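1. Pasting the sequence and an experimental structure:
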Amino acid sequence: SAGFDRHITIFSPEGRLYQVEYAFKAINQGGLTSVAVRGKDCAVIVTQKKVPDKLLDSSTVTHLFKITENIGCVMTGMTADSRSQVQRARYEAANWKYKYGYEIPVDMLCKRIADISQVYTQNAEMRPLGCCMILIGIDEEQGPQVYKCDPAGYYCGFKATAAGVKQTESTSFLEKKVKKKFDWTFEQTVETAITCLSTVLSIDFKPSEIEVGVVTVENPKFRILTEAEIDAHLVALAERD
Amino acid sequence: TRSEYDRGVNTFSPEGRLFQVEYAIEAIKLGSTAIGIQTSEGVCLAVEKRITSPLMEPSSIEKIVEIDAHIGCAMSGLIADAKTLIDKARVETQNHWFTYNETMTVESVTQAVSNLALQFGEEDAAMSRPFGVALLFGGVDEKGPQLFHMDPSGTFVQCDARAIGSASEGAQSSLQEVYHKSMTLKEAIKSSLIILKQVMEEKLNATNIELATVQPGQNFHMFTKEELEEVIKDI
Amino acid sequence: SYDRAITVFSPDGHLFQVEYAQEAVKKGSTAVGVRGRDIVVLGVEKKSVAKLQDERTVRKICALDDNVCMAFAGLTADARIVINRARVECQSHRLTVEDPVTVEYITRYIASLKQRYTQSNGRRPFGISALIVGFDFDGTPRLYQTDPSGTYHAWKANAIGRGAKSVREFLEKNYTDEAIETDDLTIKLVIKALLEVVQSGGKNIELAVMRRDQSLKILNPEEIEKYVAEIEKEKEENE
Amino acid sequence: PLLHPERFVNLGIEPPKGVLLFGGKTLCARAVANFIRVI
Amino acid sequence: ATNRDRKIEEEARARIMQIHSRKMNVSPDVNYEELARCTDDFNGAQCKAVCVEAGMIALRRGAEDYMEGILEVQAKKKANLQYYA
Amino acid sequence: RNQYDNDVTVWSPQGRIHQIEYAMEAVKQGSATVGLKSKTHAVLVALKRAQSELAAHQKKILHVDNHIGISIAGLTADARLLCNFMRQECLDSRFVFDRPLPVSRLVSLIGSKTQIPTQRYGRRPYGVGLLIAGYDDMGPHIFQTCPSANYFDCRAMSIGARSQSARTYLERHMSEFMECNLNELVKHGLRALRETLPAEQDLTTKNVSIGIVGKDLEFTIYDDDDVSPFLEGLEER
Amino acid sequence: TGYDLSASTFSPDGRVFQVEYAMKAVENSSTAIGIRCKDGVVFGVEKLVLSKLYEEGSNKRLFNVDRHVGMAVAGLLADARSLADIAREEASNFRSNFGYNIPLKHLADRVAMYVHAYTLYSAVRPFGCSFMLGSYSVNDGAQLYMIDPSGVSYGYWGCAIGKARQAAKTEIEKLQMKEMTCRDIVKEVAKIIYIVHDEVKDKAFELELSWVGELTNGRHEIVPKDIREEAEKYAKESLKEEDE
Ligand SMILES: Nc1ncnc2c1ncn2[C@@H]1O[C@H](COP(=O)(O)OP(=O)(O)OP(=O)(O)O)[C@@H](O)[C@H]1O
């Protein structure tokens, strides 16, 4: 049962889409990693940064994008596919706002992206672009929301999650943390995410080798934390641990 | 190794060759032999008709056909491709007459037929393989009598005397030996019929050949049984 | 691997799959056609059917117009499609030009249809052969034969299908102007040529007759019995 | 290089031996000889 | 040495040319630099074939001969096709 | 190989496409042609083939809009298609702008057109090498274009089978160019073609084709007797 | 392998072998470098004249896509020309659509869009060439970006693409680009090209430069003859000094 692997629309005798599985393997190929966590009234995403040179422009190099004025996303996997998916999400959000008159709910945007991915999986026209996309936002009613857009059209909502090479270990640590006092403050959730990254990579982060984005009920605008803010949080949490 | 470079008309082999086009050129051979000869007095076409069995009335094996009142086309290859290209030639000649109110030159009409045959796999025209047929257009125009040979690859070239079909290689040498620039139409007819008798399975007698002539004067003419017998008397 | 593609050439220069379509034609019940002075006749083998099967739904002879008939040998569904399209185009040509279709014109159209279906790669050739027998608008017993490869010729009498070779040889031997001098000798020749393949002679024979400016007539089984009796009497007398 | 192979050494080229008749092989070789028969 | 721990993966072609033409009557005017220029990756085996065919042109055609030899190593019989190429 | 050269859309595991190379090899399957230019003239000289002594020689130089001509080396089909495209483009340029089309822009358009098939599996690459000799306000231009959609601006170039000898001759004699009359220019080209030809044969009025363009001189083609003034004065080896 | 054919099939590892082969192909051509000085950007390329028959300026690998953007290519020159045409056409659309000059970051994003669209499908092959966009403007400073067959648009202070990219990057790293001016960064670029060029293998060689900066009024253009001559003279002198 080996020939059922070179096409996306061929079912294996056991009923498996080896091409979509390989797409997930490609998700676990960018090397980088990212984590998202939602607190009582805020959500925060933090992703490993890799700029192995003084020549690269860290300003342009990034993996966080504001899909709209109130929704942010972190990419992982192939960078070209990541940017393409980000632009598609931006277009979908703008189209939603134009058509219906109110900003796209995060779950809605995630669902539309999932539908596009499923269409690509079903119709043998394109390969399923291998990027995993995590959205964070503030819903006026349900509070913070965090979602995933894996390259198979599955879009379950989360309390906290991680994507990339070390997603399993990050998930284990995050479930350990969340099983006790799942309700966290802004500082508490930022600390949980940062310490999850630090322990799972077995290293501590300088302010430059890390990116953080935040959305809060008080300030429901996706904001990228600056070097000063991230360094302040790092030092404060390390001191007070 | 020649099994992956000839699955399509648009695949180049390591020698940089279109093997499918070459294959169609090979297919040209299966047809019966035809000989066209150009002379200052006109052009003569003679074809070995290949009646597979009597009871087939001869007016269905169209190896020589008429293009306008000033050209004749001799065919060797698939009857289907023959019919398609003959229809194209007739339509193009009539269109040119309609537009420019003149008679298309033999070179121009052969060029138009070749232009049709060019489209191999171009997704812009719908044939997908070479037309396995070789044509000889012998006609009369302002440049005097002329004869052109067109092959499936879309290539056309002037030929003061040429032979195509199954007996192509064997007849080309005979034409080369017997050809001197100045002849008469009767001399060309005699030489062509002699070559046909040389390279024909059957005994050359009345039927089993067709003979046509285009002269600076009377239009394209098909020699009937009477004239065929008259010439065969003293080929 | 020089096969299984309508648009691929072989070293000898063959289109093997249209050749295979012709071979598929060769696996059909025999159908003979002959032309007379003022009568054109088509005979066809029946092959008989199980008693539980109705007969009016099985057709090997079909009138394409008032002055043109078509005998068939090959795949039945392809036969139905080709005959339907041929009738459609006969009427369309009558519309376009106010003159009944000529046998040569209609057979050329059928040949063009088959050629169109065999040019491309996403189409299967019409695995059939047809005999078109008719009377031109000037009056002439024309008979043409069309093959799956889109090639059509004109004959005086030919047989297609299983017994094509043997029946063609018999017609070759016993076809003559005196043998077609009148409008009954042609029918006698047709039954004679079909008897080398059919068994009963009357229970496995269907004849269609076209007379100048007269509609097609399918001969009755009793008439076929009378004719075969006449041929048997002639044979025994000549013995 | 049967009647005048010394031309090769005259021109400074070494006349070699060993030719592969890969492919009327038998009678063509016999005519070329026109002898060492082998089984 | 194979074809599938410490593995090992113009000027050289010219040198090979002179080495294999050493036992010949090569004329000094020959531009082996030009010969190596007109190579297009032809390896040492092709250089050996070129020299061997130069010797064969000495045999037949008497002996430009180096250009013809390298072309015939390329095997440019060219079998002129009916279609232009 | 054997699984990376079955179509132009697949990369071999070496950073190379094999169908493009196959086309660039097919270009060398045709008869020799060469081109060059002076400070005031552009010229092409080519060896028109003869399929047989009876059949006349197939035409070689194609007459693009009067200020441009081309010499082809490759499939007749692709050569005709490209010639028709050139003629249509030049006619459109003359129709929209009341002045001739620049040769540089013409060759750029040809390069893009030949490049597009080299990416999508919908047709094979255009198997022809083109020597475009044109005259614009800037001056005479000789361009080469290959099936791989690469086009060069060449001062004196050769293409087709056995082009190395002509290229070497042009390399040696390039110093002469830019200060030669038209007769000397055609003599240079004819000598290059003689060198590329094998020794035992020669150039005859029957089998040689010449094309010239330049100042106040629309593209002119000489063949058969027309080339006699050049060959007659041409020196012998 | 089996999964390398076509660019629409993932290998079991999750790698698009067609795009990897495109990267390999681009890392086989002549080298190009660019540097973003504090108030401008400079491109240089080591063109390889494959034959002396070619005149000077043939195979121009430093195209200009819209007046303010220069584009230095490396790899398959056919794909390079096609991508240059696409970039010009996108810039023209942007200017028509928005009545103002196209930002280089946005232009690079659009061209990466195009390249990734090509690499996605299975009826087309990935672009077999990389390139670098550069521009300078009063309201945007100096920008430089590098695009590759996969279609990524990381920003850069400087970059090298082609055969010798790692050595060129190593040489570039030891420069004061953030503060140096155009008039000297051009000389440094020429020196770097002459250092990294391989004479014993590539034989022929030509040095092609360009820049866009304030001193050009934010308009890309080729180097003047005298400036290029002085830059290559400085590069030759530096090479001799290193050889000493
Ligand atoms: N060029 C030729 N001249 C003369 N006879 C020839 C020629 N080619 C073939 N023949 C005939 O072929 C036969 C000799 O061929 P031979 O016995 O060598 O077979 P072969 O083709 O080499 O086959 P194989 O090696 O496969 O057994 C004789 O009949 C000879 O007349």
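-> That came in fine, so what should we check first? Numbering: from 1, shown residues only, chains lettered A, B, ... in the order given.

2. Close to chain F: what parts of chain B are there?
-> Chain B comes close to chain F at residues B:1, B:4-5, B:10-18, B:114-115, B:118, B:120-123, B:149, B:153-155, B:157-162, B:172, B:175-176, B:179, as judged by C-beta under 8 Å from any C-beta of the partner chain. All C-beta atoms are positioned from the backbone trio N, CA, C, and that covers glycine.

3. Could you tell me which of those count as buried?
-> B:5, B:10-13, B:16-18, B:114-115, B:118, B:120-122, B:149, B:153-155, B:157-162, B:172, B:175, B:179 (16 or more other C-beta atoms under 10 Å in any protein chain shown).

4. buried ones in stretch B:223-235?
-> B:223, B:228, B:231.

5. Which ones among the residues of chain B next to chain F map onto helices?
-> Members of these lying in helices (criterion: DSSP state H): B:114-115, B:118, B:172, B:175-176.

6. Specify which member of these is nearest to chain F.
-> Chain F lies nearest to residue B:118 out of those, by C-beta to the nearest C-beta, at 4.9 Å.

7. Report the contact partners of that closest one.
-> Residues in contact with residue B:118, defined by C-beta atoms under 8 Å, 6 or more residues apart in numbering or on different chains, are B:154, F:77, F:80-81.

8. Then residue G:142?
-> Counted by C-beta under 8 Å, 6+ apart, residue G:142 has contacts G:36-41, G:134-136, G:213.

9. now the residue most central in space within chain E, what's its secondary structure?
-> Nearest residue to the geometric centre of chain E (C-alpha atoms, centre = their mean): residue E:50, 2.9 Å. Assigned by DSSP: H, G, I helix; E, B strand; the rest coil, the conformation of residue E:50 is helix.

10. Not counting its neighbours along the chain, what's nearest it?
-> Excluding the flanking residues, the one nearest residue E:50 by C-beta to C-beta, 6 or more residues apart in numbering or on different chains is residue E:70, at 4.7 Å.

11. Can you pull the phi/psi pair for that neighbour?
-> phi -70, psi -40 (degrees, to the nearest 10).

12. Pull the contacting residues for it.
-> By C-beta under 8 Å, 6+ apart, residue E:70 lies in contact with E:35, E:38-39, E:42, E:46, E:50, E:53.

13. mind redoing it with 10 Å?
-> E:17, E:35, E:38-40, E:42, E:46-47, E:49-51, E:53-54, E:76, F:164 (C-beta atoms under 10 Å, 6 or more residues apart in numbering or on different chains).

14. Ok, residue A:103 next?
-> By C-beta under 10 Å, 6+ apart, the neighbours of residue A:103 are A:68-71, A:93-94, A:96-97, A:109, A:137, A:139-140.

15. please redo it, this time with the cut-off set to 6 Å
-> A:70, A:97 (C-beta atoms under 6 Å, 6 or more residues apart in numbering or on different chains).

16. circling back: just give me the closest of the ones in helices among the residues of chain B next to chain F to chain D.
-> Of those, the one sitting nearest to chain D (C-beta to the nearest C-beta) turns out to be residue B:172, at 25.9 Å.

17. Pull up the gap between that closest one and residue F:55, please.
-> According to C-beta to C-beta, to the nearest Å, residue B:172 and residue F:55 sit 10 Å apart.

18. before we move on, the earlier item: just name the closest of the contacts of residue E:70 to residue A:29, please.
-> Minimum distance to residue A:29 across those is 38.9 Å, recorded for residue E:40 (C-beta to C-beta).

19. for the closest one, phi and psi?
-> Main-chain dihedrals, residue E:40, degrees, to the nearest 10: phi 50, psi 60.

20. wouldn't residue G:153 be in contact with residue G:112 here?
-> Yes: with contact defined as C-beta atoms under 6 Å, residue G:153 reaches residue G:112; the gap is 4.5 Å.

21. Overlap in contacts, these two.
-> With C-beta under 6 Å, 6+ apart as the test, residue G:153 and residue G:112 both reach residue G:147.

22. Compare those two (neighbour count), which wins?
-> residue G:153 (26 against 23; other C-beta atoms under 10 Å in any protein chain shown).

23. How about the secondary structure of that one?
-> Secondary structure assignment for residue G:153 (three-state DSSP): coil.

24. Next, the contact list for it, please.
-> Counting by C-beta under 6 Å, 6+ apart, residue G:153 touches G:108-109, G:112, G:145, G:147.

25. all helices for the chain, in order.
-> Went with chain A since none was named. Counting by DSSP H, the helices of chain A are A:18-27, A:79-100, A:106-122, A:167-178, A:186-200, A:227-240.

26. not what I meant, chain C
-> Using DSSP H, helices in chain C cover C:16-25, C:76-96, C:103-119, C:164-173, C:185-195, C:221-238.

27. how about the ones you listed, which one is nearest residue G:119?
-> helix C:103-119 (35.7 Å).

28. packing partners for the closest one?
-> helix C:76-96, strand C:128-135, strand C:141-146 (3 or more C-beta pairs under 6 Å, 6 or more residues apart in numbering or on different chains; DSSP states H and E).

29. Roughly how far does the closest residue to chain D within chain B sit from residue F:1?
-> Here the residue of chain B nearest chain D is residue B:1; by C-beta to the nearest C-beta that distance is 16.9 Å. According to C-beta to C-beta, residue B:1 and residue F:1 sit 10 Å apart.

30. what's the burial count for residue F:3?
-> A count of nearby residues for residue F:3, using other C-beta under 10 Å, gives 14.

31. likewise residue B:88?
-> Per other C-beta under 10 Å, the neighbour tally for residue B:88 reads 17.

32. quick revisit: using CSV, lay out the helices of chain C together with mean neighbour count.
-> Below are the helices of chain C laid out as CSV (neighbours: other C-beta atoms under 10 Å in any protein chain shown):
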stretch, mean neighbour count
helix C:16-25, 18
helix C:76-96, 15
helix C:103-119, 21
helix C:164-173, 17
helix C:185-195, 22
helix C:221-238, 13
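
33. now the strands for chain G?
-> For chain G, the strands defined by DSSP state E occupy G:32-37, G:40-47, G:62-64, G:69-75, G:129-137, G:141-147, G:158-161, G:206-213, G:221-222.

34. Dump those to a markdown table, plus distance to the ligand.
-> Output for the strands of chain G, formatted as a markdown table (distance: least, C-beta to the nearest ligand atom, whole Å):
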| stretch | distance to the ligand |
| --- | --- |
| strand G:32-37 | 60 |
| strand G:40-47 | 57 |
| strand G:62-64 | 62 |
| strand G:69-75 | 52 |
| strand G:129-137 | 53 |
| strand G:141-147 | 61 |
| strand G:158-161 | 59 |
| strand G:206-213 | 59 |
| strand G:221-222 | 68 |
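
35. And the ones you listed: which comes nearest residue A:217?
-> Closest approach to residue A:217 among those (C-beta to C-beta): strand G:141-147, 36.7 Å.
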